[PDB]
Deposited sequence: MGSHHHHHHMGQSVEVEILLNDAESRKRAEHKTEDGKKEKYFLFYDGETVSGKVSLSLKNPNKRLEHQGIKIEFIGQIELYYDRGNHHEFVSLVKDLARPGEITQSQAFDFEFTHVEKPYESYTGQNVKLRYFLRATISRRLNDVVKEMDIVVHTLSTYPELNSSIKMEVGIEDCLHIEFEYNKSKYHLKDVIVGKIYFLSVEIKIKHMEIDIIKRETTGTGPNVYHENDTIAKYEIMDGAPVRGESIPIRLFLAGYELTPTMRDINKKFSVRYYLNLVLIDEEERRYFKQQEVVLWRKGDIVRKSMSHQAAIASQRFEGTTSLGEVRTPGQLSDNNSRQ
């Protein structure tokens, strides 16, 4: 019947960004920042040159929403712009409709998680008696930040095991290098195994319940039994990372931790973790 296309102005002049979809594929989408105008045209193409198409209105929407997987039908839209493009009538010929949303709120970064998703899109809808012809084009949003000593964390019993991990920042951008050192200051118990992890914690809070998903992004092992310091360098740019996302519209958080892990000879596990705020540096 109809083929609806959504075409952005300055299409081939604007930046695209890679973003992983719920499946696992990484597609490229038009990248927008907070505030930016979103404009273009909704293109209608009559499959049958020779045939009207009746409708109860054509409209374009800019929507920003949070979708919780434990409540999948119930979208939480945080920004909705609606611009009606046509009154009910009929299309008797392929044609396009201009649209512009000036000043578009996009407070949060796009996120495709484990129990939750935050996406922006344009939706063009042709209302009809039977079923609406609906067309959605996702667009991706990024949030840039700008920022400016030593941070320490330690693990193990009292007299018999004291390990100290020291690193340069409490904040890192997504291409940064975590520069630190492991100090073995006391080792009366044999150490069977030790590692530094970077962990992504996704916290989704849907209804009375909160769900929690830990994802180990990077696992850096500390070798062979002769524990002196050992310098640590974790290269963030090698990993799939997103900025820290704190309490996004009180629906979910994505936070990152350095997780110090120590397994002794009696097989006792010693854990310590500390939050590092990730952020996106503007290119």
> If you line up the deposited sequence with the model, which stretches have no C-alpha coordinates?
Replying inline: 1 to 12, 161 to 163, 243 to 245, 302 to 340
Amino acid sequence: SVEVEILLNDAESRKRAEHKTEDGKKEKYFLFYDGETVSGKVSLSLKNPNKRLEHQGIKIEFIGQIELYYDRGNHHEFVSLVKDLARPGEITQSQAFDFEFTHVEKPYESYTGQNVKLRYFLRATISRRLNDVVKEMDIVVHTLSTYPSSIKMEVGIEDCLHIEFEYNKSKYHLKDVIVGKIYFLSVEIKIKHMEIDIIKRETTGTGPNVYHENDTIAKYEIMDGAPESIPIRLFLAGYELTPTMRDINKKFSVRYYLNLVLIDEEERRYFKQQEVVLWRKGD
From here on, numbers count along this sequence of modelled residues.
> Mean C-alpha B-factor higher for 207 to 215, or for 96 to 104?
Replying inline: 207 to 215
> Mean CA B-factor: is it higher for 237 to 245 or for 52 to 60?
Replying inline: 52 to 60
> Among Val177, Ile126, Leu81, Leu130, which carries the highest Cα B-factor?
Replying inline: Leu130
>> Quick check on the deposited entry: does the C-alpha B-factor of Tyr183 sit in the lowest, middle or highest third of its chain?
In response: middle
> According to the PDB entry, is the CA B factor of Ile191 in the bottom, middle or top third of its chain, that is, lowest, middle or highest?
Replying inline: highest
>> Looking at the temperature factor on the CA atom of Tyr111, which third of the chain's modelled residues does it land in?
In response: lowest
>> Which third, lowest, middle or highest, does the C-alpha temperature factor of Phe165 belong to within its own chain?
In response: middle
> Once the chain's modelled residues are ordered by C-alpha B factor and cut into thirds, is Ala226 in the lowest, middle or highest one?
Replying inline: highest
